[PDB]
């Protein structure tokens, strides 16, 4: 039609920022991309660096952005993970050719992406956004700080926040922890298992990620005990395939002599307690005069998890949802944002957007769902993707991709120790590679 070109800031050059830059460019917009680090890739850049505070609670601490540990492999098959128009297939020669590869293979994929779509060369590196303010007129000023202690600022029609949400930790509440004498850490600082050699380690977490770290630690630890509050029956349970790993429901009490008692009665002397309890949203740079808040991991209000109703479309967020396949979701979110900014498609009125968020909050409340699951969309994530695709006029998520997700979700819960290397959906792989031909 008669489109409109906007000048847009992108905050972050992880996977979300990379695809957002591409989708804004494809729709005719100009952009400035700010990346605090020295390379693109965000979380997928493994670093052995860890924060000086093992609990990552000291407010003046240096921040390490990545939470990856060294042996991490994807928890999704690579066919499922790729951008919709950029299949995450094997390289022509070399690399990690496994269906569930290591993090290095994902980073290489994002770097190839950044080159293929001309995004990488435009990222302003070592530019940390420290302040984002709305100007009288509806424009935005992004102020940034550089490596040398320099910095600057720039005005924008719109700002897309792509800063990730897997860096600022949240924690478990452990009874008696104030008198427990051992080592306490957050998994944000977990990298390698060797320093746990012959230690007794408690891992607190209910996700399959906590099981991954437990199995990694169990390579050297004397004993690994998982406190998994979603478990209610049959503990203490040995982990199949491991002689030195046990599953529990929850810590009942920690003691001054180092012992930890689980609800199932198991008592053990513990050297290390690791919180694998996840993260919180954190946008210290963002000044909205209270229009956007973060409250027990509810961000917003955000229309469709993206647009603050009062500030839409000049402010938007890519990659808020969790329990998702992230790369195609961020792709479709930023495709939607770009088409809105260009005028090719419309948003509802501010009042209608605000009513939609309120309706969603009341559905949650009428279903007993606590605040902190507001952006958890694991059950209907591809319906959400398809809603975005229909807004943009893009194809819907492939059926093989829905089915692969259900299959790996089932295998991850049933066989956490083997789902990455033993699978039975070769027929879905066949389908996926068929659709990949056109690219």
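Numbering follows the first chain given and starts at 1.
Averaged over Cα atoms, the B-factor as recorded in the entry is higher for 364-372 than for the other of 364-372 and 339-347.
In this crystal structure, the stretch out of 276-284 and 88-96 whose C-alpha atoms carry the higher mean B factor is 88-96. Set against one another, the Cα B-factors of 44, 69, 34, 400 in the record reach their highest point at 400.
As recorded in the entry, 256 carries the highest CA temperature factor of 187, 256, 163, 293. Residue 306 sits in the lowest third of its chain by CA B factor, as recorded in the PDB entry. When the modelled residues of the chain are ordered by their C-alpha B factor, residue 27 lands in the middle third. Ranked by Cα temperature factor within the chain, residue 385 sits in the middle third according to the deposited record. In the deposited entry, the Cα temperature factor of residue 263 places it in the highest third of its chain's modelled residues. Among the modelled residues of the chain, residue 60 sits in the highest third by CA temperature factor in this PDB entry.
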